[PDB]
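# Structural features, examined
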Amino acid sequence: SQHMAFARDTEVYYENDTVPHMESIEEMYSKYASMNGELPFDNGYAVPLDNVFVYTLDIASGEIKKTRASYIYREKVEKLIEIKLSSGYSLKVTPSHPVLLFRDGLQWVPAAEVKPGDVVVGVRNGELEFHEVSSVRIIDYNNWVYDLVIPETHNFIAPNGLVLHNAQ
């Protein structure tokens, strides 16, 4: 099992107490490590979070809800999968990481099984949004990979709407 999933430049959205923030997951980790400290955890390090919340998607009902984030994790990884969207945006995640696609309806699919032509799923203005994949490949990454752990539902919604799953 793994507790890290996302490249360091993955943008996140969250609220601390009531105050919204958008920044990269490495920027978030640095901010809260300074504030809260780091705990050795698994094969890397974790920063505990107090009063931090995200938006999350229930894929069965389509309901968007608010739920807490428990901690941010990081560990170094050699190789990631880069899923590039026709927009030029790229999702860079570990190869087994579940990615939300629309195939036979909404389905979580391991990143390395995502194909050009698949549609990655996000939600915006309450509605599902579909983004065609332009290319996939393994990349040499060799750096910190992160997760923002969401215990209730195991996903958080990024600023661009993509529904990002926690590491497994």
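Residues numbered from 1 in each chain as written, not as in the entry; some residues may be left out. Heavy atoms only, no water.

X-ray crystallography is the method the PDB entry states for this structure, with the resolution given as 1.582 Å.

### Quick look at the overall build of the chain
When helices and strands are tallied, the chain shows one helix and 15 strands. The C-alpha atoms of the chain give 15 Å as radius of gyration, which agrees with the globular expectation for 168 residues (15 Å, within 12%). C-alpha extents for the chain along the principal axes are approximately 40 × 35 × 25 Å. A burial count over the chain gives 46% of its 168 residues as buried. For the chain, contacts bridging at least 24 residues in sequence account for 54% of all contacts bridging at least 6. Counting only carbon and sulfur atoms, one obtains 47% of the accessible surface of the chain, whose full area is about 8,300 Å². Computed over 14 positive and 24 negative side-chain charges, the separation of the two mean positions in the chain equals 4 Å. (Helix = DSSP H or I, 4+ residues; strand = E, 2+ residues; numbered from the N terminus. Rg over C-alpha atoms; globule rule 2.2 N^0.38 Å. Buried < 20%, exposed > 50% of the residue type's maximum accessible area, 1.4 Å probe, protein only. Contact = heavy atoms within 4.5 Å. Areas by Shrake-Rupley, 256 points an atom, 1.4 Å probe, with all protein chains shown as cover. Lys, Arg positive; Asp, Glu negative; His and termini not counted. Charge placed at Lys NZ, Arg CZ, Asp CG, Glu CD.)

### Here's the deal with a nonpolar patch on the surface
On the surface, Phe102, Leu128 and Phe130 cluster together into a nonpolar patch covering about 260 Å² of accessible area. By secondary structure assignment, the location of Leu128 is in strand β13 (residues 127-149). Owing to a relative accessible area of 32%, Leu128 belongs among the partly exposed residues under this scheme. (Patch = residues over 30% accessible without salt bridge, like charges linked within 9 Å, V, L, I, M, F, W, Y side chains within 5 Å. Salt bridge = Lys/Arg side-chain N within 4 Å of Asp/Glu carboxyl O.)

### A word on a negative patch on the surface
Where like charges cluster on the molecular surface, the negative patch consists of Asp9, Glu11, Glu26 and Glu27. With respect to the element layout, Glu11 can be found in strand β2 (residues 11-16). Residue classification places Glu11 among the partly exposed residues on the basis of a relative accessible area of 37%.

### Describing the sheet that holds β2
Strands sit in the order β3-β2-β6-β7 across an open sheet of four strands; the sheet is antiparallel. Each of the sheet's edge strands pairs with one partner strand only, and the pair in question is β3 (19-24) and β7 (64-68). Neighbour to neighbour, the strand axes of the sheet diverge by 40 degrees on average, direction disregarded. Each of β2, β3 and β6 (52-57) is contacted by helix α1 (residues 25-36), which is oriented at about 120 degrees to β3, the strand it contacts most. (Pairing = 2+ DSSP bridges. Axes fitted to C-alpha atoms, helices over the stretch in contact; angles between N-to-C directions.)

### A word on the packing of aromatic side chains
Aromatic ring pairs are defined here through the distance separating the ring centres and the angle between the ring planes. Tallied over the entire structure, the rule returns seven aromatic pairs. Both rings, one in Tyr29 and one in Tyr146, keep their centres 5.6 Å apart while their planes meet at 70 degrees; by these two values the pair is edge-to-face. Of this pair, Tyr29 sits in helix α1 while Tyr146 sits in strand β13, and the two are 117 residues apart along the sequence. We classify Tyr29 as buried; its relative accessible area is 2%. On the basis of relative accessible area, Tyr146 is assigned to the buried category, the value being 1%. (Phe/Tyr/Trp six-rings, centres within 6.5 Å; stacked < 30°, edge-to-face > 60°.)

### Digging into the pairing of strand β8 (residues 71-85)
For β8, the tally of buried residues reaches 11 of 15 residues, placing the bulk of the element in the interior. Sheet analysis places strand β5 (residues 44-48) next to β8, joined by four bridges and oriented antiparallel. Bridge pairing in β8 links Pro48 to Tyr71. Across 14 bridges, the pairing between β8 and β13 is antiparallel. Each bridged residue has a counterpart across the sheet, and for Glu75 the counterpart in β13 is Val145. Two strands pair when backbone bridges link them, and β8 and strand β9 (residues 90-93) are joined in this way by four bridges, in the antiparallel orientation. Within β9, the position partnered with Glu82 by the bridge is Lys92. Where β8 folds back on β9, the antiparallel hairpin that results is connected by four residues, among which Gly88 adopts a positive phi of roughly 105 degrees.

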